[PDB]
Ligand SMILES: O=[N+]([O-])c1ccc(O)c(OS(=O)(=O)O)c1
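This document starts with one chain, in the form deposited without this ligand, laid out as structure tokens.
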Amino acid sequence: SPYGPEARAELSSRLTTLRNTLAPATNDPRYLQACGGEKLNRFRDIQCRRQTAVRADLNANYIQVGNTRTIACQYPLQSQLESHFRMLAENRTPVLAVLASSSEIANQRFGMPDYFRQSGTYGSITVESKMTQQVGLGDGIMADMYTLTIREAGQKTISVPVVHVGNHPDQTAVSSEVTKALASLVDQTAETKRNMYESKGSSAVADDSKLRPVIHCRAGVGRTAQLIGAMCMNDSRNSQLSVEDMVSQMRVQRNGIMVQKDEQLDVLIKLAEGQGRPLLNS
């Protein structure tokens, strides 16, 4: 019963209502608005909650799901790269997880700059990319890892671990098993890097807004939300957090599209069922 079709229908009913409520109005005070004529949102109806926005010129949000703190963002536009790199450096980012595939990044029509696999200079910021490990996630899906070193006069140099799901399938969801493996890899990578900062006495450790994993796909609402949900289920502090809670939290803190597809919700439901975690709030 707790994971039966009736419970799943009720979950979808609650979530659909929330999506509708959170739909952006014109000049919605709840959502970040572009400054002038420069494009902010990669997709016109996938907007950035203002109160949790990370930077005034990015579509990127702080999200806390239960106890689990992350940043979810869209794939930066070319015009946003310098700001995106500054975000990454100022956050002392312990892991950047990119869930857009190599083939999507290569598709010029999609406007997704290859910013983490090559080196470059973006305004005042110079970035160096180095390849590190490759970790299999299951079903032939591979996580390619990098270190991204971000340099800028007047700023401390910051190196960011990157986990790129290079062969993420382009038109299907990845399984719960792959998602679990990915969540574990992302969390572990973050823990190692965060620990380094703690060992150096970084002031970022005391700042709730910093040391957050940064996750994006293309729009930052589909694959990204599936991963963040899996990460929150991988957090030992989150006992009794329901699927309703986690998706509601993602939606209120970013936008009502978080967990964009039923296919993605199916994976979160399966993960929750495996843990005996509730779907709904009583």
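In this text, residue numbers run from 1 along the sequence as written.
- Of the two stretches examined, 27 to 35 and 42 to 50, the record assigns the greater average C-alpha temperature factor to 27 to 35.
- As recorded in the PDB entry, 103 to 111 is the stretch of 154 to 162 and 103 to 111 with the greater mean C-alpha temperature factor.
- Remark: of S184, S79, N195, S176, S79 shows the highest value [criterion: C-alpha B-factor in the PDB entry].
- Ranking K180, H168, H84, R92 by the C-alpha B-factor listed in the PDB entry places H168 at the top.
- Per the PDB record, residue ranking by Cα B-factor puts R212 in the lowest third of the chain.
- Sort the modelled residues of the chain by CA B factor and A204 lands in the highest third.
- Residue-level temperature factors show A272 in the middle third of its chain, judged at the C-alpha atom.
- For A60, the recorded CA temperature factor ranks within the lowest third of the chain's modelled residues.
- The deposited CA B-factor of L18 belongs to the middle third of values across its chain.
Same protein, other form: the form deposited with this ligand bound, not shown, and the subject of what follows.
- Taking non-hydrogen atoms only, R218 approaches this ligand to within 4.5 angstroms in the bound PDB entry.
- For the chain shown alone, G222 is a contact residue for this ligand in the bound PDB entry, at least one non-hydrogen atom being within 4.5 angstroms.
- Interface membership of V252, defined by any non-hydrogen atom within 4.5 Å of this ligand in the bound PDB entry, is ruled out.
- In the bound PDB entry, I46 approaches this ligand with a heavy atom inside 4.5 Å.
- Look at 22 to 30, 61 to 69, 222 to 230, 239 to 247: in the bound PDB entry, residues with non-hydrogen atoms within 4.5 angstroms of this ligand sit in 222 to 230.
- Residues of 236 to 265 that come within 4.5 Å of this ligand in the bound PDB entry, judged by any heavy atom, reduce to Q260 alone.
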